[PDB]
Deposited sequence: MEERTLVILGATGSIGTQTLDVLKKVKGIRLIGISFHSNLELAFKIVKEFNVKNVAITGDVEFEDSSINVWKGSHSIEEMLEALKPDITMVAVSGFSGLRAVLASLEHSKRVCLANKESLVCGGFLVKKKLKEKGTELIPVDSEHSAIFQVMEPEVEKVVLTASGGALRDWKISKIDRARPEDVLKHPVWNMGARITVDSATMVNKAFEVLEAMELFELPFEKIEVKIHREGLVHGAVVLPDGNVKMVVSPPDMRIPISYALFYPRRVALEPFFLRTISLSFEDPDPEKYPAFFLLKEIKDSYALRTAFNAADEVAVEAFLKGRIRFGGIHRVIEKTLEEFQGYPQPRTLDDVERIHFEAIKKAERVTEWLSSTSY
């Protein structure tokens, strides 16, 4: 009954969304976008009988049987043509900002699983949300949890974090870590807690929260996905298994609850500790960058470069936060971006500077 477009269908969230569609009825998939993974894309288009494809990268997809949009405006033009009830925005990276803006324009509901859009261009997304009235539901497990318990008056919003792959390591050994010791961008971002820094900025945008009302706790066990501390002593917490199909399903079928597998209650350990500034320096850059979309966009651009460089073996793990920090210095005093073009300009300039810094660090 409800029509769906999945942007970034070939990624993790994209394929987990497909899995949900196999498990629950009522949504018809009518289009996808994907970047370069044609082998998986072909498999999707075959299994789901998808007649509309937007290609965002540099590959071919002939098929006279299906409509194929191609180029820098493929997502936007596909969406205009299809006017889906629901768009799952699961594109990775900075291209997520235009993907989200276009989905808000042409869709009745947007399921948001791209972080860059809010980190770099949250003001643009909020402006478009207000103009269009489109429903927006976060897919991120922590924002999904908060969405389910949020109210207008809160003391604090608590986001939880694993602490990443090196949460147990000594401060002294972390600097030297290799991909082998860490392992995927998301995986590296969890280890530096840059992913958690993105989530704080996203929560500020989604829930109109001041920076001061957000708390991050390392939560070893992975059960509590968010909590809301209220003025009266009450705390509303959300617990679930750590499976992204849960918040995917919630954003897709809201206000209905999909029957998956209930989390029946048993005795549990719930630990909450403050992140160590000496272990997670890039995370603690939040206070420096929060008020500036120029700084936030530069923060994201430098992290993209540094993670890629870390993965390629050009720098050690300790080099990530240093690339970010050094790149941010070069954007101090930048005026607040006002348009999409301003944001895209900062982004590309930040990528250039971060690469220069990465070269120095080796």
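Inset, instruction - Provide the list of deposited-sequence positions lacking C-alpha coordinates, grouped into contiguous ranges. - result: No coordinates exist for the deposited residues in 1 to 2, 186 to 193, 373 to 376, so these stretches are absent from the model.
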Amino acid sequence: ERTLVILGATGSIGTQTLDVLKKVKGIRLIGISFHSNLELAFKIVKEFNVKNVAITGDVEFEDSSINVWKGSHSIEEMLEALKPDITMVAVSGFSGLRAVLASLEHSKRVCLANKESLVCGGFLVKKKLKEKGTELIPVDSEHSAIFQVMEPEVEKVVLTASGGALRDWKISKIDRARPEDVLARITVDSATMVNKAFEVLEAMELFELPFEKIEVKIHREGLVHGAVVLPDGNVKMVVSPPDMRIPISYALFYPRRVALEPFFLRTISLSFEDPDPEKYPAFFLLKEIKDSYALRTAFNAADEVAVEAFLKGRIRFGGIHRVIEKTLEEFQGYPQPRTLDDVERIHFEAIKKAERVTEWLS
From here on, numbers count along this sequence of modelled residues.
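Inset, instruction - Averaging only over Cα atoms, indicate whether 269 to 277 or 195 to 203 has the higher B-factor in the PDB entry. - result: Comparing 269 to 277 with 195 to 203, the higher average CA B-factor belongs to 269 to 277.
Inset, instruction - Going by the average Cα B-factor in the PDB entry, point out whether 296 to 304 or 332 to 340 comes out higher. - result: Comparing 296 to 304 with 332 to 340, the higher average CA B-factor belongs to 332 to 340.
Legend entry - Identity of residue with top Cα B-factor, from 256, 143, 245, 178: Checking the PDB record, the top C-alpha B-factor among 256, 143, 245, 178 is at 178.
Legend entry - Chain thirds of CA B-factor: placement of residue 250: For residue 250, whose C-alpha B-factor we compare with every modelled residue in the chain, the answer is the lowest third.
Legend entry - Among modelled residues of the same chain, the CA temperature factor third for residue 156: Ranked within chain, residue 156 CA B lands in the middle tercile.
Legend entry - Lowest, middle or highest third - CA B-factor, residue 264: It belongs to the highest third of the chain when residues are ordered by C-alpha B-factor.
Legend entry - Third of chain Cα B-factors occupied by residue 228: CA B-factor rank for residue 228: lowest third.
Legend entry - residue 170 - which third its CA temperature factor falls in, relative to the rest of the chain: It belongs to the highest third of the chain when residues are ordered by C-alpha B-factor.
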